[PDB]
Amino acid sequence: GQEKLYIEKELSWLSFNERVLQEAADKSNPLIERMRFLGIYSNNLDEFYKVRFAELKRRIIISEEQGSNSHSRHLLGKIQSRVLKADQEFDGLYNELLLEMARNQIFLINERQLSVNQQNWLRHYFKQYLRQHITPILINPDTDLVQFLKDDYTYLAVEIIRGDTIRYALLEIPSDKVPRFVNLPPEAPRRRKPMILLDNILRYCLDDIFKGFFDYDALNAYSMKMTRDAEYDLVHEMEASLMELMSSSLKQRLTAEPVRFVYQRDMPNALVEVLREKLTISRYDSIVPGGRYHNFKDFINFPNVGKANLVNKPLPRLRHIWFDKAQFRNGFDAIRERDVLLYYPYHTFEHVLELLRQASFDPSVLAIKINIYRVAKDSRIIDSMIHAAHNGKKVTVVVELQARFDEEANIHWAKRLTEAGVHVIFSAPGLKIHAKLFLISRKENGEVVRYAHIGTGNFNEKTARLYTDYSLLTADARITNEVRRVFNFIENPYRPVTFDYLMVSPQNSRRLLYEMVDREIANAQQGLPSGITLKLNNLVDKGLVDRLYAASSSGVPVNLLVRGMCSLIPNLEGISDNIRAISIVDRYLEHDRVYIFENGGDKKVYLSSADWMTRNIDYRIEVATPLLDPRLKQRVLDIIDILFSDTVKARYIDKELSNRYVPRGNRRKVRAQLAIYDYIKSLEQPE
């Protein structure tokens, strides 16, 4: 490299979480929301290590085996670099936010700031409510924390000192059975709202915990947390020519998931060594010193002690009034009349759940097929699908038990399904089914009419309230038939197949996209209006970035709204002069995906479940649908228009990863998500 043509996805990912941090620092956001963003940021980083980092550790491992020509370390250095720098800023924001809460009458204090009154209250509050959950785990020579030590739990490693004697015990912070934030009794004025972290309650009560059975001069506590790399799965979804000739010293070296362990900085070396030996911290395991408190991701649920000002005002999920028209007797009548497009969370996910429920008992419904990637806990969907089975409908449920986190859950989401009579199909070993689909076939006076749902986000009830996603509900046969083929394709991928409307990975994708970029390229070179506008969560695929580069260089206007990782570098003289790249991080996690191609003037609009990452094009089943109803197409365009006109949360993507905000010229101050909500609200007003 001499002038980086692409950006490392990992670094770009860090730039993204950094954008999340910006929300915690954005004074325009409600105080407690900012505090909660510290939680999202942390949680994101945790996920980052468990997965993306772990994935990288293995990519370099595979590489080095026979020898790697890439500068792996130069990456890890940057990563570790940017991470520490952000960590510095995190503390700055944290302390800054603590102070601002103090000005708001909210005081988060520790055991060293207790009133000689609140201490008494805590000691009492501790016996009555916490002691029962706190049981000292004595670390002896034959004790092996290794096994029974909970993952990602924070432990207070205590140092029992008696003369020159030192014993060690562990205290599990029971964040599962008790609020991580206890409210203390206001010392003097009633102006107060003092709270304390559960960890610090234990620090203050250490004596009360051990005096009962131990003799000692002093008791010292040091926090610690253990983590484990994610099960090697995402890395074998790429080994083609590598794993067809892979060595057996690379299989035991690639599957060996290491263990991480962070501990409070002051932890005396002796203890750190004790813990090391107990946790078999080998060469590829990591020990990292990092502060008093861990699991900052609990702040995601930081309580709002003060007034409503400290929290965002709810944006009530709207009903798509169309479904409630008296003329329609049920979901189907509404969908058969006109295609329906819902944009969450602006809209309720309620409509889809209703339809599936209706589908489970409508006597005229013959079959239901549906994709389950990551569903909510005890999905109402799983429920309906089982009810449907009981009612005799033929129910097929494709389950991606090989998801990312909500995976072990989609395995039990099977014993009952099959037991009820649901024909289940599973994801082939290293090929995920990420498409968000479901197909309902019902009899309408003799004929079999199909209704299909193609979405950008999964069938997850909570998610549907934090993530922006589109849901297409249609009865249009051009699309309905193809969605039927996707399911048959999934059941029998041996039989050749072709799609004329739908983009289907890994059958259609690349060819179909290259084809569309190339078409804009041709038009531009012929002086015809052109353009490529993409709304994705990640843009990393080599062949596609190069294609977009080719488009810019060819005179094609490329507009990108990527919220996550973007390896494409915009504005490189003579390479991406015509590419404008922005990212929007706000209250709702932007998750929907759209592809817009000028197409000489007859705009093509696709909603997709696939980001522009190699895995989404060649190693997974994904689905993008064009929008055939010009009314919906326009609706999406309006929404896109709003997004690209954002001048409050929009950030530019540049090679410096600066995360500079988009300056608003003399153009309207616009906040996409809010304006979009107005727009959708605007559509749901009484006919």
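One rule holds for the numbers: they count along the sequence shown, beginning at 1.
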Of 116 to 124 and 219 to 227, the one with larger mean CA B-factor: 116 to 124
Mean C-alpha B-factor comparison - 132 to 140 and 335 to 343, higher one: 132 to 140
Candidate set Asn445, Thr280, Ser608, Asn523 [ranked by C-alpha B-factor, highest]: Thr280
Residue with highest C-alpha B-factor in the PDB entry, from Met246, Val504, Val497, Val483: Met246
B-factor third for the C-alpha atom of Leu627 within its chain: lowest
Entry-reported Cα temperature factor of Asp518, expressed as the chain third it lands in: middle
Relative C-alpha B-factor of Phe644, binned into the chain's lowest, middle or highest third: lowest
Cα B factor band for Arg357 (lowest, middle or highest third within the chain): lowest
Third of chain Cα B-factors occupied by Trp413: highest
